[PDB]
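Here the structure is laid out as structure tokens; the discussion comes afterwards.
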Amino acid sequence: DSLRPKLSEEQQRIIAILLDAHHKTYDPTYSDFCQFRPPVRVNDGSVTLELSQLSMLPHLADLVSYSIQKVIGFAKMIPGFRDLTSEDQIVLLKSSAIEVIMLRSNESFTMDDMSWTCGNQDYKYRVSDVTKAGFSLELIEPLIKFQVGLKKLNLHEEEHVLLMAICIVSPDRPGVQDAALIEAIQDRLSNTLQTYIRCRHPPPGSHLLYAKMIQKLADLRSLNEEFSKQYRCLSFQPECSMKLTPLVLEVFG
Ligand SMILES: C=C1C[C@H](C[C@H](C)[C@H]2CC[C@H]3/C(=C/C=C4/C[C@@H](O)C[C@H](O)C4=C)CCC[C@]23C)OC1=O
């Protein structure tokens, strides 16, 4: 009964632009990673030790900062994003940043050992590394769970880049001015996604896929809520700002 309309020339363009944007802003070789402050790993197995040393914070804070820059570059290439006021663009970028980082990080996440494998042994990021950066299991365990859930969706890159675009351009973000314009841009991206799934995705991965993707966006809201708490707690640690970056401090502060 459900119709399967073809992708319009505009919808085909949007996909092309977004695939192009991601390829311009996501390096699948992770070759810039050696330019960050070195990853330091010590003995642990302790929250007191974690906050005392914060050995993995300078490296992962440089990684996140770097990733924010890429997300910013990616957002500016979303069809319609430049039409928004620069004030609204920043509100959207600032509230979605960590969520899009979690989304895009899926490309490096592997279910072989439940880590983010960005090559090497140094640039393999386990759960233990994230605690060494001063974050608790309240964030990390649901994050890993989200990563696995998203991986099992076996998303086409097209679906993957549209989901990030939809995540960024969200009318229901605190502090937004022209919510009508943001919703209009999101709807254009959402229809493209819904149309893509219905006429490009083969069974049984096609059935109810869009609803599962919308649910992942809701999971991202929860992780962002928890991340915000933990970042606030982390910022209370003396001499913490040096371990972070001016960009990380503004976006999350
Ligand atoms: C210093 C930190 C760490 C924390 C980041 C959180 C806890 C998670 C979210 C995604 C995770 C990771 C993502 C991995 C990558 C590598 C690559 O896929 C690019 C992608 O943008 C990315 C960030 C691995 C370590 C912990 C990260 C950064 O926030 C911070 O500011």
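What the table shows:
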| quantity | calculated |
| --- | --- |
| Boolean, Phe227 is of a type in the set (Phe, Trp, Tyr) and surrounded by fewer than 16 Cβ atoms within 10 Å (Cβ to Cβ) | no |
| Total residues in the range 171-186, condition under 18 Å from the mean Cα position of the chain (by Cα) and part of a helix (DSSP H, G or I) | 1 |
| 3 or more residues within 10 Å of the ligand (Cβ to nearest atom) and over 16 Å from the mean Cα position of the chain (by Cα): qualifying helices (runs of 4 or more DSSP H) within the range 55-170 | 57-75, 127-131 |
| Pair list, Cβ under 7 Å, 6 or more apart: the range 27-42 residue in a loop (DSSP other than H, G, I, E, B), other residue more than 11 Å from the ligand (Cβ to nearest atom) | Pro39/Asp122; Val40/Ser55; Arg41/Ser55; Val42/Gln53; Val42/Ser55 |
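As a convention, Cβ positions derive from the backbone with ideal geometry for all residues, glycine included, and neighbour counts pool all protein chains shown. Just so you know, all these numbers are worked out from the coordinates, no wet-lab data involved.
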